[PDB]
Amino acid sequence: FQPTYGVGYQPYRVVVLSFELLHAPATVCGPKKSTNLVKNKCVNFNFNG
Amino acid sequence: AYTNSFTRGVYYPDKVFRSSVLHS
């Protein structure tokens, strides 16, 4: 790789983020704020997404 | 040397709980 190369021949850094949405316990989350847990009422819920 | 395996070498196919069901 040389600085003179054209836009197609220039180097590009590449990253592939490979997600595993498995039915296992989750360990990588987005920044979502958790709440207290409500029981016996009908409620909306979100458990690990 | 050899033997017959009978009904062994089955594993839980996915990490989901199920009960009182027949699953293919």
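In terms of determination method and resolution, the entry is listed under cryo-EM at 3 Å.

The number of helices and strands found in chain A is 0 helices and 0 strands. Considering only C-alpha atoms, chain A reaches an extent of 70 × 20 × 15 Å along its principal axes. Every one of the 49 residues in chain A was classed for burial, and the buried ones make up 0%. Accessible surface for chain A amounts to roughly 6,000 Å². Of this, 57% is attributable to carbon and sulfur atoms.

Attention now goes to the layout of surface pockets. All names here are of chain A. What the largest pocket holds in volume is close to 1,000 Å³. Around the largest pocket, the lining comprises 26 residues; the ones closest to its centre are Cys29, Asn46, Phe47, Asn48 and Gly49. Looking at the lining of the largest pocket, its residues break down into 13 nonpolar, 10 polar and 3 charged.

Moving on, we come to the pattern of salt bridges. Tallying each qualifying case throughout the model produces 1 salt bridge over all chains. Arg18 of chain B serves as the salt-bridge partner of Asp14 of chain B, at 2.7 Å between the closest nitrogen and oxygen.

Procedures and definitions
Residues numbered from 1 in each chain as written, not as in the entry; some residues may be left out. Chains lettered and ligands numbered in written order. Part of a larger assembly, values for the part shown. Heavy atoms only, no water. Helix = DSSP H or I, 4+ residues; strand = E, 2+ residues; numbered from the N terminus. Buried < 20%, exposed > 50% of the residue type's maximum accessible area, 1.4 Å probe, protein only. Areas by Shrake-Rupley, 256 points an atom, 1.4 Å probe, with all protein chains shown as cover. 1 Å grid on protein atoms, 1.4 Å probe; cavity = no way out; pocket = protein on both sides within 12 Å on 5 of 7 lines; lining within 4 Å. Points joined across faces, edges and corners; volume = space filled by probe spheres on them. Nonpolar A, V, L, I, M, F, W, Y, C, P; charged D, E, K, R; others polar. Salt bridge = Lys/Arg side-chain N within 4 Å of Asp/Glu carboxyl O.

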